[PDB]
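Starting off, we have a lone chain in the form deposited in one PDB entry, written out as structure tokens.
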């Protein structure tokens, strides 16, 4: 499966949830492409990699395709997350997941600063000492670790998660993590610098 497909699959997934909220039961690839700003052929091709969910001369059943993509994306289950780093980013993600997301459940947040190791970072979430990270991940079968520590300590924390059996890592620190589990990176500063690149190109 081509690399850019997974990203577009997530976009189709959110769009289908919107159509369900609107009451739409059937949608064509051209109607989907019209509101995502993509070519209908690309949408049909990407879905081709995983199966035949369409009805020739009719379209796609919104609920069936939504459920199908959800199964492919692994979203049909609840994912247990831990946040390492109770700073700006760590608390922002903790307060959001507990509130807005129902498929991702943050059950722990960790820090190394004695001032924060006792404070509450989100509703029903008390900051734990990072010394307990491995024990917590193994005991509660945590599956996703979000790294929100400075770059100088991201790799070390990444290896502890992988050692404790983490299945994947969401990395916010501006460094390339080296581990055997999947890693998605969110580099805010890199995005700004990609933005300035495009800005000066237009000028």
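Residue numbers count along the first chain shown, from 1. By rigid core we mean the largest C-alpha set that fits within 1.5 Å across both forms.
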Notebook entry, point to check: With respect to the recorded C-alpha B factors, which stretch has the higher mean value, 163 to 171 or 27 to 35?
Noted result: 27 to 35
Notebook entry, point to check: Looking only at CA atoms, which has the higher mean B factor in the entry: 188 to 196 or 16 to 24?
Noted result: 16 to 24
Note to self: By the CA temperature factor listed in this entry, which of these ranks top: 121, 89, 73, 83?
What the structure shows: 121
Note to self: Can you tell me whether residue 145 has a C-alpha B-factor in the lowest, middle or highest third compared with the other modelled residues of the same chain?
What the structure shows: lowest
Next item on the list: Tell me, lowest, middle or highest third: where does the Cα B factor of residue 133 rank within its chain?
Entry: middle
Next item on the list: Looking at the entry's B-factor column for C-alpha atoms only, identify whether residue 176 ranks in the lowest, middle or highest third of its chain.
Entry: highest
Next item on the list: Within this chain's modelled residues, let me know which third the CA B factor of residue 64 belongs to: lowest, middle or highest.
Entry: middle
Check: According to the PDB entry, is the CA B factor of residue 94 in the bottom, middle or top third of its chain, that is, lowest, middle or highest?
Finding: middle
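Unshown form deposited in another entry; subsequent notes refer to it.
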Item checked: Rigid core superposition between this form and the one not shown: residue from 140, 45, 163, 176 with Cα shift of 2 Å or more -> 45
Margin query: Aligned on the rigid core, do the two forms place the Cα of residue 64 2 Å or more apart, comparing between this form and the one not shown?
Written below: yes
Checklist line | residue 152 C-alpha shift between this form and the one not shown of 2 Å or more, rigid core reference | finding: no
Margin query: If the two forms are fitted on the core, does residue 113 show a Cα displacement reaching 2 angstroms between this form and the one not shown?
Written below: no
Checklist line | in the other form, shift in Cα separation for residue 53 relative to residue 79, 3 Å or more | finding: farther
Margin query: At a change of 3 Å or more, would you call the C-alpha separation of residue 100 and residue 78 in the other form closer or farther than in the form supplied?
Written below: closer
